[PDB]
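Coordinate-derived values only; no laboratory data. Every residue, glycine as well, gets a Cβ built from its backbone with ideal geometry; the counts of neighbours run over all protein chains shown.
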Amino acid sequence: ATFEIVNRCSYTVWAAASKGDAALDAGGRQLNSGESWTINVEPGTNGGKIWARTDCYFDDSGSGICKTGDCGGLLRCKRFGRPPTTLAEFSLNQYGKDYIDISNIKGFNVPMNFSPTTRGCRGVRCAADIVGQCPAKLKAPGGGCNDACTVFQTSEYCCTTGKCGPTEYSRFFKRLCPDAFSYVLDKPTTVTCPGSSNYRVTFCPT
């Protein structure tokens with residue numbers, strides 16, 4: 001499957017793509033404002049994620065640091081990124097269908113649209129100014145808006161036991177972005193697409 005990753009932000013981002021235990025495609029790349037990078041994701045990929053990283057520095061070997069979404073200091077991510085990270089999430093060719101969503105469960109750094117480029121389903125978007133509106137206690141000094149699990153490490157926010165409810169913090173994310181997961185047990189906003197659809201992830205769509 002192809003994923004065209006487009007940076008419409010006025011700032012550089014370093015795109016990242018991983019399934020948690022491996023890179024997808026090269027795993028990451030710099031995207032200056034306006035640039036597009038197309039990756040190939042293997043059919044059947046379960047639990048893939050794409051995200052933006054901000055404020056990165058990498059040496060000539062591809063090792064370094066980012067302020068949001070850093071994946072063990074690599075340009076080419078093999079693992080998931082450090083919160084806060086707005087997440088485009090997908091599982092492909094699962095009993096004949098693809099499943100996509102956006103999640104704020106690991107916080108929010110950059111606004112995102114995640115849409116099919118092929119027929120048969122709609123896209124999802126979280127493009128509100130979550131960083132600007134972020135509750136004071138969730139603001140990450142390194143940049144972005146943390147989720148409450150990251151900040152407070154409670155069973156309730158982290159849904160450790162599988163029985164949590166919405167919270168004042170989750171409701172903030174949900175108010176700003178109804179179409180994204182705000183906590184682990186949120187009413188799902190996952191979209192079913194035809195198996196083997198192709199996609200575009202756009203940072204700063206609006």
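Within segment 191-206, which residues are of a type in the set (G, A, S) and either within 14 Å of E4 (Cα to Cα) or outside any loop (DSSP other than H, G, I, E, B) (or both)? I'd like the intermediate steps shown before the answer.
Applying the first criterion (of a type in the set (G, A, S)) to segment 191-206 yields 195-197.
Correct list: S197 only.
Given the criterion hydroxyl-bearing (S, T, Y) and more than 19 Å from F80 (Cβ to Cβ), identify the matching residue among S170, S182.
Numbers: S182 fails: more than 19 Å from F80 (Cβ to Cβ).
Checking each option against the conditions leaves just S170.
Pick out the one residue from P135, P141 that is out of contact with any strand residue (DSSP E or B) (no Cβ under 6 Å at 6 or more places or on another chain) and either over 25 Å from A16 (Cα atoms) or surrounded by 18 or more Cβ atoms within 10 Å (Cβ to Cβ) (or both).
Working: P141 fails: either over 25 Å from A16 (Cα atoms) or surrounded by 18 or more Cβ atoms within 10 Å (Cβ to Cβ) (or both).
Just one listed residue meets the conditions, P135.
Restricting attention to segment 64-98, which residues are of a type in the set (S, T, N, Q), surrounded by 20 or more Cβ atoms within 10 Å (Cβ to Cβ) and more than 19 Å from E4 (Cβ to Cβ)? Don't jump to the end; show me each part of the working.
Restricting attention to segment 64-98, the residues satisfying the condition of being of a type in the set (S, T, N, Q) are 68, 85-86, 91, 93-94.
Then drop every residue that is not surrounded by 20 or more Cβ atoms within 10 Å (Cβ to Cβ), which leaves 68, 85-86.
Once the filter is applied, which keeps residues that are of a type in the set (S, T, N, Q), surrounded by 20 or more Cβ atoms within 10 Å (Cβ to Cβ) and more than 19 Å from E4 (Cβ to Cβ), segment 64-98 yields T68, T85.
Identify all residues within segment 28-84 that are among the aromatic types (F, W, Y) and more than 21 Å from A180 (Cβ to Cβ); write none if there are none.
Residues of segment 28-84 that are among the aromatic types (F, W, Y), as a first pass: 37, 51, 57-58, 80.
Across segment 28-84, the qualifying residues are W37, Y57, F58.
Hey, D25 hits all of (1) at positive phi; (2) of a type in the set (D, E, K, R); (3) part of a loop (DSSP other than H, G, I, E, B) but one; which does it fall short on?
(3)
What are the residues in segment 43-60 that are in a loop (DSSP other than H, G, I, E, B) and in contact (Cβ under 8 Å) with a residue 12 or more places away in the chain, if any?
Of everything in segment 43-60, those that are in a loop (DSSP other than H, G, I, E, B) and in contact (Cβ under 8 Å) with a residue 12 or more places away in the chain turn out to be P43, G44, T45, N46, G47, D55, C56.
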